[PDB]
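One structure is given below, encoded as structure tokens.
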2 protein chains.
Amino acid sequence: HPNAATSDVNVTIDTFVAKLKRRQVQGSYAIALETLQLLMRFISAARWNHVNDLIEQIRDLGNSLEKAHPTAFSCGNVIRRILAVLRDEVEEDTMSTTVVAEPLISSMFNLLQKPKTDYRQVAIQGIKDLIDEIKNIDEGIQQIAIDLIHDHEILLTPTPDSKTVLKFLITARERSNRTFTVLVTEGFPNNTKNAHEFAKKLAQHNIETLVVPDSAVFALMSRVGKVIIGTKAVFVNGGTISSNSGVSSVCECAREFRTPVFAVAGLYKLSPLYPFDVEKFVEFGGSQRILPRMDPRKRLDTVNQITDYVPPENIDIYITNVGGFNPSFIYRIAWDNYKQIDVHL
Amino acid sequence: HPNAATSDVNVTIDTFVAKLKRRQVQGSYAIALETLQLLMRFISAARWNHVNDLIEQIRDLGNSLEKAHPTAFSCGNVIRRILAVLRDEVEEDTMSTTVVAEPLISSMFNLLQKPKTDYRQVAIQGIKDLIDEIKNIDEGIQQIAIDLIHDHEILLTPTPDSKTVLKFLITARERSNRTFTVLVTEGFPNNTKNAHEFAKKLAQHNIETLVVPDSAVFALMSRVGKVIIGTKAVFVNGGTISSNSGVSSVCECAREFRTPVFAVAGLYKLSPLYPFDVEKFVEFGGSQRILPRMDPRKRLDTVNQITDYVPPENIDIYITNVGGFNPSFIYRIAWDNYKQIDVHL
């Protein structure tokens with residue numbers, strides 16, 4: 001469905017679109033929040049009574065948003081989650097309206113074989129619940145995360161940008177008995193300032209900080225104990241897209257030297273879409289923040305990328321609010337929140 | 001060739017044989033010394049008249065010695081070295097007697113194409129030189145040896161039976177600026193007491209000592225920095241015979257984790273003969289030490305071995321008195337000490 005009725009009924013959709021396209025909005029969490037707000041707006045003002053049609057409309061809206069920005073996934077994910085929440089409720093309702101037990105939580109053969117209420121209030125509650133979840137992830141992570149960090153171990157941290165990862169680190173550091181040394185990679189094109197900020201924050205807390213160039217991975221890896229990465233998007237087979245610059249090579253190095261690889265993950269940040277090719281999913285970067293002047297650029301060709309995709313062969317741990325999960329197992333987790341039909345919208 | 005010619009001229013051969021058979025002589029160094037002494041005795045007493053015949057006799061004697069005891073490699077090696085020493089002198093002499101171009105020190109095409117003096121004194125001197133070489137090995141290692149181990153690094157030590165390895169460790173430990181943690185694997189049926197002794201020595205030296213059982217190698221492997229072998233005999237392609245029990249598995253583990261594997265022995269232990277079979281050269285221990293009783297132990301056939309063979313693929317470094325060498329290079333060193341025809345006797 002095109003944006004014809006969705007302009008005067010709900011106002012800020014255009015603004016959201018603008019934020020998405022021109023990168024006015026910063027941080028995936030913020031984007032998610034915005035999406036939630038939009039959904040709430042859609043719910044409160046508009047009236048439907050018919051449910052399947054409404055669901056379809058919602059799906060269409062999600063799809064359009066996805067098509068608008070092919071590298072922002074959180075927005076999509078949240079919508080999908082909401083749809084899933086709706087669907088189960090709808091299914092429950094149908095059974096009451098009309099008036100079989102499964103071996104597990106979900107059946108396989110049921111797809112091939114033929115199978116006024118306070119619903120609005122429930123829907124409203126759902127959004128609030130989602131918001132709450134988004135707010136408090138660290139409270140669920142803390143009692144699972146601070147179990148594996150030991151004394152006299154050096155920790156390498158690629159991609160330092162997220163407010164969650166920092167918080168996690170700080171919680172660990174609060175326990176002064178647990179001794180750890182932090183190696184921080186700069187990240188040439190985009191991460192630099194952020195990395196510096198992170199370092200400053202660490203200093204403020206009184207944690208031992210070491211500033212690392214992007215080339216110095218092989219020389220330190222023999223001394224590196226555990227590697228923790230702050231990812232933006234989590235996928236089906238295990239692989240992740242991390243928040244810009246120098247992740248793949250580092251992972252490869254880790255694999256070579258046999259190093260345990262931790263990752264800060266989220267259930268709303270987790271995506272049920274599969275990454276088949278490196279050519280499509282990887283977002284490339286600007287040459288503006290590399291070399292000034294454009295007359296030498298006539299013959300020379302600068303190659304640079306923002307967000308980097310990782311193969312599932314390297315990472316081993318995914319610390320969430322529920323717990324730590326294997327990359328060769330995270331699909332199950334996704335399925336416990338998302339459906340196979342709601343993948344291709 | 002029997003012992004009919006040598007009965008009143010040389011008698012000590014029998015004694016040597018006795019020492020070999022019932023293991024009255026202990027430590028390869030001692031065996032080597034004995035061999036040297038025997039050679040000296042042979043030289044001072046016997047008559048020659050001819051040189052080729054004498055050489056042949058020497059070869060025969062060597063063969064006999066080998067037949068008497070195969071696990072004594074040092075004995076063989078020393079003899080071979082002596083032969084090599086003789087040979088060059090003989091070659092030199094021939095050139096004067098008769099009265100040539102070469103790209104390097106030795107040529108391959110010289111084998112394909114058709115080619116009284118005071119040599120006794122030279123031969124005597126050779127023995128002395130060999131003795132001198134045997135005397136000090138550690139002094140020619142320590143200048144290279146105390147450059148590899150660094151601060152806050154962890155060492156893992158299989159085979160503490162060798163007298164050289166301990167000395168090497170001690171020399172490293174002497175330095176006030178250098179600090180390292182030592183993990184010691186026991187070796188149950190052959191190395192236990194020796195291992196304990198080593199541990200005690202380490203304690204005395206005032207270093208951080210960690211006594212580790214043979215099962216607890218895997219758990220500590222994430223922290224292991226270097227691997228050192230207490231080998232007894234070196235060979236052609238790189239493969240080495242180690243001084244009894246608990247070496248192979250550890251080496252394999254190291255290879256798996258890509259941990260650097262060092263080896264310290266010497267060039268008198270180095271043999272120009274190939275270890276084609278593990279079963280032929282490796283000797284087995286005793287069944288009595290493992291489990292008591294005899295009548296139920298007829299049913300319980302126990303397998304236990306003294307010496308251990310490690311493939312050249314795992315080991316990368318062979319630091320000797322001359323300098324640092326590789327398994328891909330050590331063959332040339334052997335050639336520089338033992339000649340082409342002297343390999344087969």
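Ordering of the structure tokens sets the chain letters (A, B, ...); residue numbers start at 1 within each chain; ligands are numbered from 1 in the order shown.
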
Set out as a tab-separated table a contact list for chain B and chain A with a cut-off of 9 Å, giving each residue of chain B that qualifies its closest atom pair and distance in Å to one decimal, counting only C-alpha atoms, ordered by chain and rising residue number.
```
residue	atom	partner	partner_atom	distance
B:153	CA	A:223	CA	8.7
B:222	CA	A:225	CA	7.9
B:223	CA	A:225	CA	8.1
B:225	CA	A:222	CA	7.9
B:257	CA	A:258	CA	6.6
B:258	CA	A:257	CA	6.8
B:259	CA	A:257	CA	8.9
```

Go through segment 124-170 of chain A and collect every residue that DSSP, computed from the backbone, puts in strand (DSSP E or B); the answer should be as a compact mmCIF listing (two decimals) with N, CA, C and O atoms, in the first residue's frame.
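And here is the file that came out, states36.txt:
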```
# COMPACT_ATOMS: atom_id res chain seq x y z
N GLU A 153 43.99 -11.46 32.76
CA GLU A 153 43.65 -11.73 31.36
C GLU A 153 43.45 -10.43 30.58
O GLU A 153 42.75 -9.52 31.05
N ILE A 154 44.06 -10.36 29.40
CA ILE A 154 43.98 -9.17 28.54
C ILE A 154 42.80 -9.31 27.57
O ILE A 154 42.65 -10.34 26.90
N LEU A 155 41.97 -8.27 27.53
CA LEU A 155 40.76 -8.25 26.71
C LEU A 155 40.88 -7.27 25.54
O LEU A 155 41.13 -6.08 25.74
N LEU A 156 40.70 -7.79 24.32
CA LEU A 156 40.71 -6.99 23.10
C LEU A 156 39.27 -6.63 22.71
O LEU A 156 38.41 -7.51 22.61
N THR A 157 39.03 -5.33 22.51
CA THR A 157 37.69 -4.83 22.19
C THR A 157 37.62 -4.10 20.83
O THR A 157 37.93 -2.90 20.76
```

Please return as a PyMOL selection string: the residues of segment 172-318 of chain B that backbone DSSP assigns to helix (DSSP H, G or I).
-> chain B and resi 172-174+188-204+248-257+278-281+296-298

Take the selection from the previous step and output its residues with C-alpha atoms, as a compact mmCIF listing (two decimals), in the first residue's frame.
```
# COMPACT_ATOMS: atom_id res chain seq x y z
CA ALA B 172 67.48 -18.06 31.89
CA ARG B 173 66.20 -17.87 35.48
CA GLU B 174 69.42 -16.25 36.71
CA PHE B 188 54.11 -41.39 35.42
CA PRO B 189 55.89 -44.71 34.70
CA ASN B 190 59.39 -43.41 33.83
CA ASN B 191 59.84 -39.69 34.66
CA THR B 192 58.06 -39.14 38.03
CA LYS B 193 61.01 -39.09 40.45
CA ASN B 194 63.12 -37.11 37.99
CA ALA B 195 60.28 -34.63 37.52
CA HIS B 196 59.97 -34.24 41.29
CA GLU B 197 63.72 -33.62 41.55
CA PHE B 198 63.49 -30.99 38.81
CA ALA B 199 60.62 -29.29 40.64
CA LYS B 200 62.64 -29.27 43.86
CA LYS B 201 65.59 -27.72 42.04
CA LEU B 202 63.33 -25.04 40.58
CA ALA B 203 61.96 -24.28 44.05
CA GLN B 204 65.51 -24.00 45.40
CA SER B 248 54.41 -36.96 22.17
CA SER B 249 50.95 -36.03 23.38
CA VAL B 250 52.17 -32.68 24.72
CA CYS B 251 53.84 -31.94 21.37
CA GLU B 252 50.63 -32.81 19.54
CA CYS B 253 48.70 -30.47 21.84
CA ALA B 254 51.20 -27.69 21.16
CA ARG B 255 50.86 -28.25 17.41
CA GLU B 256 47.07 -28.05 17.73
CA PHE B 257 47.23 -24.74 19.67
CA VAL B 278 59.82 -46.31 15.49
CA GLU B 279 59.63 -49.97 16.62
CA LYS B 280 63.30 -50.74 15.81
CA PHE B 281 65.00 -47.90 17.73
CA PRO B 296 46.06 -62.34 37.86
CA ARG B 297 48.61 -60.19 35.95
CA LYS B 298 49.08 -63.00 33.39
```

Cα RMSD of chain A after least-squares fit onto chain B, all atoms paired in order |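 Pairing the C-alpha atoms in order and fitting gives 1.1 Å.
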
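When atom CA of residue 29 of chain B is paired with atom CA of residue 229 of chain B, their separation reads 17.6 Å.
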
For segment 7-12 of chain A, work out the shell of residues within 9 Å, counting only C-alpha atoms and skipping chain neighbours fewer than 6 positions away, then give it as a list in words.
->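 Residues near the query, excluding close chain neighbours: residues 38, 41, 42, 45 and 46 of chain A.
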
For atom CA of residue 78 of chain A and atom CA of residue 268 of chain A, the interatomic separation in Å (one decimal) |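 Value for the atom CA of residue 78 of chain A-atom CA of residue 268 of chain A distance: 6.2 Å.
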
Which value, in Å to one decimal, gives the distance between atom CA of residue 121 of chain A and atom CA of residue 54 of chain A?
->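 Separation between atom CA of residue 121 of chain A and atom CA of residue 54 of chain A: 15.6 Å.
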
Residue neighbourhood segment 14-27 of chain A, 12 Å, only C-alpha atoms, exclusion window fewer than 4 positions, as a PyMOL selection string = chain A and resi 3-4+6-8+10+31-39+61+64-75+161-164+232+243+269

With N, CA and C atoms retained, write the just-selected residues as an mmCIF file, in the first residue's frame.
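Contents of out-v5.cif, freshly written:
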```
data_model
loop_
_atom_site.group_PDB
_atom_site.id
_atom_site.type_symbol
_atom_site.label_atom_id
_atom_site.label_comp_id
_atom_site.auth_asym_id
_atom_site.auth_seq_id
_atom_site.Cartn_x
_atom_site.Cartn_y
_atom_site.Cartn_z
ATOM 1 N N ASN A 3 1.728 5.503 0.350
ATOM 2 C CA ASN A 3 1.440 6.588 1.289
ATOM 3 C C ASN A 3 0.464 7.614 0.700
ATOM 4 N N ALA A 4 -0.829 7.341 0.882
ATOM 5 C CA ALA A 4 -1.905 8.223 0.420
ATOM 6 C C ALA A 4 -2.816 8.641 1.575
ATOM 7 N N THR A 6 -1.920 7.537 4.751
ATOM 8 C CA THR A 6 -0.931 7.634 5.830
ATOM 9 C C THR A 6 -0.058 8.885 5.660
ATOM 10 N N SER A 7 -0.680 10.047 5.867
ATOM 11 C CA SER A 7 -0.016 11.352 5.765
ATOM 12 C C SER A 7 -0.666 12.393 6.680
ATOM 13 N N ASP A 8 -2.000 12.415 6.688
ATOM 14 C CA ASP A 8 -2.784 13.336 7.518
ATOM 15 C C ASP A 8 -3.263 12.699 8.825
ATOM 16 N N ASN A 10 -1.522 10.099 10.410
ATOM 17 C CA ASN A 10 -0.250 10.116 11.134
ATOM 18 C C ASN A 10 0.753 11.018 10.413
ATOM 19 N N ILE A 31 16.422 4.345 16.704
ATOM 20 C CA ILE A 31 15.618 3.996 15.528
ATOM 21 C C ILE A 31 14.453 3.092 15.944
ATOM 22 N N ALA A 32 14.782 2.091 16.760
ATOM 23 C CA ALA A 32 13.813 1.128 17.268
ATOM 24 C C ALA A 32 12.707 1.846 18.045
ATOM 25 N N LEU A 33 13.142 2.765 18.908
ATOM 26 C CA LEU A 33 12.244 3.561 19.736
ATOM 27 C C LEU A 33 11.279 4.361 18.857
ATOM 28 N N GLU A 34 11.848 4.980 17.824
ATOM 29 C CA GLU A 34 11.090 5.781 16.872
ATOM 30 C C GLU A 34 10.021 4.931 16.189
ATOM 31 N N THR A 35 10.437 3.734 15.773
ATOM 32 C CA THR A 35 9.538 2.788 15.122
ATOM 33 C C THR A 35 8.381 2.417 16.031
ATOM 34 N N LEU A 36 8.714 2.157 17.294
ATOM 35 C CA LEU A 36 7.731 1.818 18.317
ATOM 36 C C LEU A 36 6.704 2.936 18.464
ATOM 37 N N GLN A 37 7.222 4.163 18.524
ATOM 38 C CA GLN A 37 6.401 5.362 18.651
ATOM 39 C C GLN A 37 5.423 5.465 17.481
ATOM 40 N N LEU A 38 5.962 5.236 16.283
ATOM 41 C CA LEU A 38 5.181 5.272 15.052
ATOM 42 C C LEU A 38 4.047 4.257 15.098
ATOM 43 N N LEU A 39 4.389 3.053 15.550
ATOM 44 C CA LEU A 39 3.432 1.967 15.674
ATOM 45 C C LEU A 39 2.303 2.347 16.630
ATOM 46 N N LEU A 61 3.626 -1.875 5.497
ATOM 47 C CA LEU A 61 4.317 -0.723 6.070
ATOM 48 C C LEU A 61 5.749 -1.084 6.434
ATOM 49 N N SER A 64 7.874 -1.638 3.249
ATOM 50 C CA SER A 64 8.228 -0.373 2.617
ATOM 51 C C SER A 64 9.413 0.266 3.345
ATOM 52 N N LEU A 65 9.350 0.235 4.679
ATOM 53 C CA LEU A 65 10.415 0.784 5.514
ATOM 54 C C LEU A 65 11.737 0.073 5.250
ATOM 55 N N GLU A 66 11.654 -1.253 5.154
ATOM 56 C CA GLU A 66 12.814 -2.090 4.874
ATOM 57 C C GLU A 66 13.438 -1.718 3.531
ATOM 58 N N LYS A 67 12.571 -1.527 2.535
ATOM 59 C CA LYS A 67 12.963 -1.155 1.181
ATOM 60 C C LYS A 67 13.599 0.230 1.093
ATOM 61 N N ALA A 68 13.158 1.124 1.980
ATOM 62 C CA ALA A 68 13.693 2.476 2.123
ATOM 63 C C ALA A 68 15.151 2.527 2.585
ATOM 64 N N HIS A 69 15.532 1.622 3.489
ATOM 65 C CA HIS A 69 16.905 1.545 3.997
ATOM 66 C C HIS A 69 17.347 0.084 4.183
ATOM 67 N N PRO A 70 18.260 -0.405 3.310
ATOM 68 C CA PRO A 70 18.626 -1.826 3.288
ATOM 69 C C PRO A 70 19.693 -2.252 4.312
ATOM 70 N N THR A 71 20.171 -1.309 5.125
ATOM 71 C CA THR A 71 21.195 -1.588 6.145
ATOM 72 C C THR A 71 20.705 -1.383 7.588
ATOM 73 N N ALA A 72 19.549 -0.734 7.741
ATOM 74 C CA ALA A 72 18.875 -0.621 9.034
ATOM 75 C C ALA A 72 17.888 -1.777 9.191
ATOM 76 N N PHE A 73 18.147 -2.628 10.183
ATOM 77 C CA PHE A 73 17.410 -3.871 10.362
ATOM 78 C C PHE A 73 16.579 -3.877 11.636
ATOM 79 N N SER A 74 16.998 -3.083 12.623
ATOM 80 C CA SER A 74 16.354 -3.042 13.937
ATOM 81 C C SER A 74 14.878 -2.671 13.814
ATOM 82 N N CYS A 75 14.627 -1.643 12.995
ATOM 83 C CA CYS A 75 13.294 -1.145 12.650
ATOM 84 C C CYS A 75 12.405 -2.275 12.140
ATOM 85 N N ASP A 161 31.309 1.456 20.383
ATOM 86 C CA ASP A 161 30.338 2.498 20.024
ATOM 87 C C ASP A 161 29.053 2.455 20.858
ATOM 88 N N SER A 162 28.581 1.244 21.158
ATOM 89 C CA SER A 162 27.303 1.030 21.846
ATOM 90 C C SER A 162 27.329 1.411 23.327
ATOM 91 N N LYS A 163 26.186 1.898 23.810
ATOM 92 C CA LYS A 163 25.986 2.274 25.206
ATOM 93 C C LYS A 163 25.789 1.044 26.102
ATOM 94 N N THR A 164 25.444 -0.096 25.500
ATOM 95 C CA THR A 164 25.176 -1.335 26.246
ATOM 96 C C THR A 164 26.500 -2.008 26.613
ATOM 97 N N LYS A 232 25.990 -4.767 15.807
ATOM 98 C CA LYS A 232 24.746 -4.047 15.527
ATOM 99 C C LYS A 232 23.637 -4.987 15.038
ATOM 100 N N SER A 243 29.591 -2.826 14.166
ATOM 101 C CA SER A 243 29.559 -1.368 14.014
ATOM 102 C C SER A 243 30.884 -0.787 13.495
ATOM 103 N N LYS A 269 17.787 -7.018 18.267
ATOM 104 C CA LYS A 269 18.852 -6.754 17.290
ATOM 105 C C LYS A 269 19.102 -7.953 16.367
#
```

Closest to residue 261 of chain A among A:184, A:303, A:319, A:290, using only C-alpha atoms?
->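 That would be A:319, the residue with the smallest distance to residue 261 of chain A.
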
Which residues, written as a PyMOL selection string, have at least one atom at most 12 Å from residue 116 of chain B, with only C-alpha atoms counted and residues fewer than 3 positions away on the same chain left out?
-> chain B and resi 48-51+90+93-94+96-97+119-120

Distance criterion (only C-alpha atoms): nearest to residue 152 of chain A out of A:282, A:169, A:182, A:85 =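 Distance minimum relative to residue 152 of chain A lands on A:182.
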